[PDB]
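Same chain, two versions here, written out as structure tokens and called structure 1 and structure 2.
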Structure 1
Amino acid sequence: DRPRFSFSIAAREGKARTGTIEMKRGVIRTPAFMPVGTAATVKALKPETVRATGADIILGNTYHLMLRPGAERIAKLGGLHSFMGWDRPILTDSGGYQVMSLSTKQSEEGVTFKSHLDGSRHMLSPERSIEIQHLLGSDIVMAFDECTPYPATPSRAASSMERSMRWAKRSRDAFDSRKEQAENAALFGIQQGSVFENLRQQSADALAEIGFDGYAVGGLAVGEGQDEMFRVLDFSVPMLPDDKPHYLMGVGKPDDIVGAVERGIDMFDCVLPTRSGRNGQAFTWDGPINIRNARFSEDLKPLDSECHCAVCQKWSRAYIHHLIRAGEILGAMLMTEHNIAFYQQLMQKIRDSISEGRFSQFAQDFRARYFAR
């Protein structure tokens, strides 16, 4: 009864947009932050807790899931949604980045690699990546890509991007060939081209000619720094179709997100709130804090005194400081819940401010406070 994929822009301010993506398993409010659920879990959180923070969609990692527990096994057990107990949309990455980063023989067919878990040999290609994502049952499927190497010659960046675009076409065809997947899921293409404007334009042109439900900006946050990332976004996002969502992969810190929204990004995923939470870093409106620091040992205030999350209604900095220092699982649980909730509250403030035509003021006020610490 619900649409497969319908993106509606409710309001704009400059290059920033806010709206909704309607899918069969639910609505995604944009700009959206996707918690990362690597191995079929958002680390340290039950799915009901993830939803309670405000998340509309989560990300799964194809590379990890294809190795453990395996895509065929997850399919036999009813698909990823049933397996993990999350009934809302899931976006899966293609695996093309982790094979190169977490594993390796690359050719036009795909990449063959050795598993980090045990050294067993495996293969990923556009067709196999799409089939794995089909078996997982994910709602948003990412085309199999290659991250343009950084730094690299313009010619190496170009040949990499061109291969990635041929892989995008192969991914489109594989997805379209599977009727159940084509009728129930969406397919996003990934723009490559490193920091080179002409290559980003050629990539965008190729992707629009193939046609996708959404367009990701790939190849960023790979060591170039925020200033350069924003410079590339300045020219790259306008090259993508305006009427489809724009997804910045693997970004980022709160200030990265705000600046990327100012440049036309609608969707984000990042390991920071979960991973840094487990390591003792909490995000607050006055900047990040390291909760293990001695200054918090007797601080009875919550992590953030304006945060609406359940953790900040019930527990102090002093208690969470103790838990993390003692290596207690509850410390990781509470830090992660707060950090994901903080990210969702940030996204809500972004959406409301764009809707209300006051996003420029919000971004200025946010930065002045977040960086004042």
Structure 2
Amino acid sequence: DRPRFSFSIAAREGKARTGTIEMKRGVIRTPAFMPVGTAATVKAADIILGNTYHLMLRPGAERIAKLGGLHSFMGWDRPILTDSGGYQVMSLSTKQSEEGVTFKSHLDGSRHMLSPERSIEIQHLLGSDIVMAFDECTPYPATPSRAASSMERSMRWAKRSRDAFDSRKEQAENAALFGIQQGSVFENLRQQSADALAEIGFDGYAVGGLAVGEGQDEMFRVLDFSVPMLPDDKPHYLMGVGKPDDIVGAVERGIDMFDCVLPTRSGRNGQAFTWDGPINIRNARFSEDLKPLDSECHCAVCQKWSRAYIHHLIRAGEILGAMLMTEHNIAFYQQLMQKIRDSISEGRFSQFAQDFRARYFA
């Protein structure tokens, strides 16, 4: 019988690590990509995401619980990770206070408060296995004073999240809780945030406040000093990242877990990922191209259909085209993660990262 949570590092190369998270509902191989569950039929990825913000508004967390929780609802018996919901409230919905955030639903005008306690309860009702602390994703750019005030509030909210999670027996005994580091681009604030989170104690640690407009060079610079501040023996989750090259560089800097809307968003908009870079399949140059989306990809789409046919479907308005693109993109991301894990385990990740970049950007 698997434990509630156990992270083991099997191999390392530089700052990169590969290993496993064991949870009751399954094993997660790291570095891991965690896809959205609703964009395609995901098969046994090791873990999928639930969209807390959307689920709060439709059909509501209480209703999801009445339906048996997300595992039953989505037909997925393996681990599920949910965010704390505030990122999207600030992004898509507001009135803020030390208690939390209040906002109105665009779907029907209903009122909603979101606090550390309510966010944890929502994630409990959804039934997720990895629960995120309720934080504030500081806007970018931010002055040092505003970044500090924001981070300090997030650390108070992290303690309230910890206490709310520990108060619910089923959650404390069966799920895991991750804390989220903030501090914008400032090394001293990132250090204070890491120290506060480690003092509270979490099962895993996320790097928050990135992928919010800063650009890859700046993101990598912040990761260079921020990831070593987190406990080495716990998983590191970079929220909102990212493109394939973002993932490779973040793994080089010690990140273990990733989520990004790109593969599913790109698939609905004609963009396919390949080892030679992204392609927009709607372009006329693909109308007679008999090659698969990617020449090495092992996914079911690339085994059967050509670029020309997928181009045709999308140009004809057939949803089948976008579905095949999305299935290929999710599979490409998982093949990327498998190559990353194998190369770290084999001591050739540095070479893989170099070869990957030379071809992806050629």
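Just so we're on the same page, residue numbers count up from 1 along structure 1's sequence. We call the rigid core the largest set of C-alpha positions that still match within 1.5 Å between the two forms.
- Rigid core superposed between structures 1 and 2, residues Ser297, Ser159, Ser120, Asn198 considered: the one with a C-alpha shift of 2 Å or more is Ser120.
- Relative to the superposed core, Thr38 undergoes a C-alpha shift of no less than 2 Å between structures 1 and 2.
- For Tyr63, the Cα shift between structures 1 and 2 is 1.1 Å when the rigid core is held fixed in the overlay.
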